[PDB]
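Scroll down for the structure; my scribbles are underneath it.
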Amino acid sequence: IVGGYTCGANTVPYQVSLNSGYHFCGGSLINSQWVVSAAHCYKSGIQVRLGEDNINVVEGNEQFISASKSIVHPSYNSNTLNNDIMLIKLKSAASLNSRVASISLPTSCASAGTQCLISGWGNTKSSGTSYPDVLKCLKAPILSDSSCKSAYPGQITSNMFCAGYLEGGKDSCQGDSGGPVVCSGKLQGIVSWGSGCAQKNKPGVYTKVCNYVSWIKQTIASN
Ligand SMILES: NCc1cccc(-n2cccc2)c1
Ligand SMILES: [Ca+2]
């Protein structure tokens with residue numbers, strides 16, 4: 001997160017860190033056994049880390065649970081990043097509490113102008129490289145489809161939306177991938193892609209979660 005703020009420990013209780021020897025992506029806990037992330041975060045040997053603030057220090061509220069299965073969306077295209085969504089099942093159910101909690105799926109899509117919270121342990125620099133230990137947060141509005149398409153000609157599908165600031169300075173970044181965009185207490189987006197970070201006229205692009213609720217529910221119901 002570039003141009004954000006320190007969230008505060010366990011203030012984003014649905015935020016997970018995906019770890020394969022090191023943090024590599026964010027995710028969102030959607031029930032005791034399931035995490036939603038980006039398809040471009042797919043790899044084998046994933047441990048889901050819940051209740052994290054400082055990802056380099058065991059602070060006492062963590063739960064570390066290995067993935068038993070990952071399910072990349074059947075229509076994910078890694079070239080265009082269309083359908084950039086994946087489900088991860090935990091080997092055992094997380095113990096839910098005030099600091100480890102699921103986030104609700106949307107019942108409808110959120111409109112341009114809606115204020116959202118984007119979070120993660122990604123790069124905090126727009127030019128350089130600096131990775132934080134503690135969770136960073138950014139309040140950002142959803143941008144109009146037209147402005148999103150104008151920013152990225154030929155690249156925005158119906159499964160994507162832009163959020164952030166066309167002036168730059170405030171954005172998600174490398175390592176925030178797969179993490180949450182939460183608006184009005186619903187998971188509306190997944191950190192997906194962009195062109196660099198916090199650059200003028202290059203806002204963050206996010207997987208449009210409301211398009212996938214049926215797939216998520218049915219997949220969970222049979223797996
Ligand atoms: N600024 C949007 C964004 C989201 C997720 C990742 C990246 N990124 C990947 C490499 C460099 C930036 C950007
Ligand atoms: Ca920790």
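Nothing fancy with the numbering, it's 1 onward along the sequence. All values below come from the heavy atoms of this structure, side chains included, with hydrogens, waters and symmetry mates left out.
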Legend entry - Nearest-0.5 Å distance that lies between atom OG1 in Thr219 and atom CD1 in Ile85: 9.0 Å
Inset, instruction - Working to the nearest 0.5 Å, report the span between CG of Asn201 and OG of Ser150. - result: 9.5 Å
Legend entry - Close side-chain approach of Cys197 to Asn123, heavy-atom, < 4.5 Å: no
Legend entry - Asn19 and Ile46, any side-chain heavy atoms less than 4.5 Å apart: no
Legend entry - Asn159 and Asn211 side chains, donor-acceptor separation under 3.5 Å: yes
Inset, instruction - Would you check if there is a donor-acceptor pair between the side chains of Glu52 and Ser17 at a distance under 3.5 Å? - result: no
Inset, instruction - Measure from the side-chain N and O atoms of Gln15 to the backbone N and O of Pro13, and report whether any donor-acceptor pair falls under 3.5 Å. - result: no
Inset, instruction - With the side chain counted from C-beta on, respond yes when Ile103 and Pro180 share a heavy-atom pair under 4.5 Å apart, and no when they do not. - result: no
Inset, instruction - Kindly indicate, with the supporting measurements, whether the criterion side chain to side chain contact (heavy atoms under 4.5 Å, CB included) is fulfilled by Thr157 and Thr80. - result: CA-CA 9 Å; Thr157 73; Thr80 63; 5.7 Å; no
With a cut-off of 3.5 Å and sequence neighbours excluded, list every side-chain donor-acceptor pair involving residues 164-173.
{"residue": "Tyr165", "atom": "OH", "partner": "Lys139", "partner atom": "O", "Å": "2.8"}
{"residue": "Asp171", "atom": "OD1", "partner": "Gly204", "partner atom": "N", "Å": "3.3"}
{"residue": "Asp171", "atom": "OD2", "partner": "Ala198", "partner atom": "N", "Å": "3.0"}
{"residue": "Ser172", "atom": "OG", "partner": "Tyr206", "partner atom": "OH", "Å": "2.8"}

Legend entry - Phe24 with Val72, same ILVMFWY side-chain cluster at under 4.5 Å: yes
Legend entry - Passing option when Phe161 is tested against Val205, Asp145, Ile142 for side-chain contact (heavy atoms from CB on, under 4.5 Å): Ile142
Inset, instruction - Give a yes or no on whether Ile190 and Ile216 share a hydrophobic cluster (residues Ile, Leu, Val, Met, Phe, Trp, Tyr; joining criterion: side-chain heavy atoms under 4.5 Å apart). - result: yes
Inset, instruction - Find out whether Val48 and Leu18 are in side-chain contact, i.e. whether some heavy atom of one side chain is under 4.5 Å from a heavy atom of the other. - result: yes
Legend entry - Co-membership, hydrophobic cluster, residues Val35 and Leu87, 4.5 Å side-chain: no
Legend entry - Donor-acceptor under 3.5 Å (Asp176 side chain, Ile1 main chain): yes
Legend entry - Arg49 CZ: over 12 foreign heavy atoms closer than 6.0 Å: yes
Legend entry - Atom pair CD (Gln63) and CG (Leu29), whose distance is rounded to the nearest 0.5 Å: 9.0 Å
Legend entry - Heavy-atom closest pair, residues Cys116 and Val181: CB-CG1, 3.7 Å
Legend entry - Between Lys69 and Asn223, a side-chain donor and acceptor under 3.5 Å: yes
Inset, instruction - Please answer: with hydrophobic residues joined when any side-chain heavy atoms are less than 4.5 Å apart, are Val12 and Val209 in the same cluster? - result: yes
Legend entry - Which atom of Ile88 lies closest to which atom of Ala67, heavy atoms considered: CG2-CB, 3.5 Å
Legend entry - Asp84 side chain vs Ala39 backbone, donor-acceptor pair below 3.5 Å: yes
Legend entry - Heavy-atom donor-acceptor pair, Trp193 side chain to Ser177 backbone, under 3.5 Å: no
Inset, instruction - Taking all non-hydrogen atoms of both residues into account, name the closest pair between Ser32 and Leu90 and its distance. - result: O-CD1, 3.7 Å
Inset, instruction - Could you state whether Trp121 and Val58 fall into the same hydrophobic cluster, counting links through intermediate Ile, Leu, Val, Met, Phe, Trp or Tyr residues with side-chain heavy atoms under 4.5 angstrom apart? - result: no
Inset, instruction - If a pair satisfies ring-ring contact (aromatic ring centres under 6.0 Å, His included) and one of its residues is in residues 30-78, list it, with sequence neighbours excluded. - result: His73-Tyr212, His73-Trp215
Inset, instruction - Supply the atom-to-atom distance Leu135 CG to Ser119 OG, rounded to the nearest 0.5 angstrom. - result: 5.0 Å
Legend entry - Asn10 backbone acceptor or donor facing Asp53 side chain under 3.5 Å: no
Inset, instruction - Compare every heavy atom of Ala101 with every heavy atom of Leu96, then report the nearest pair and how far apart it is. - result: CD2-CA, 4.4 Å
Legend entry - Side-chain H-bond candidate by donor/acceptor type, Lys136 with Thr6, under 3.5 Å: yes
Legend entry - Whether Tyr152 side chain and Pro203 backbone form a donor-acceptor pair below 3.5 Å: yes
Inset, instruction - Check whether any side-chain N or O of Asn97 sits under 3.5 Å from a backbone N or O of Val100 as a donor-acceptor pair, and report yes or no. - result: yes
Legend entry - Point-to-point distance, once rounded to the nearest 0.5 Å, from CE of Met160 to CD of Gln155: 8.5 Å
Legend entry - Heavy-atom pair with the smallest gap, counting every atom of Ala93 and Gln33: CB-CG, 4.0 Å
Inset, instruction - Indicate whether any N or O donor in one side chain lies under 3.5 Å from an N or O acceptor in the other, for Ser20 and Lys43. - result: yes
Inset, instruction - Output the distance between atom CD1 (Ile118) and atom CD (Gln188), rounded to the nearest 0.5 Å. - result: 12.5 Å
Inset, instruction - State, yes or no, whether a side-chain contact exists between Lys208 and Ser158 at a heavy-atom distance under 4.5 Å. - result: no
Legend entry - Closest non-hydrogen atom pair between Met86 and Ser70, with its separation: SD-CB, 4.3 Å
Legend entry - Polar side-chain atom of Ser37 near backbone of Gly26 as donor-acceptor pair, under 3.5 Å: yes
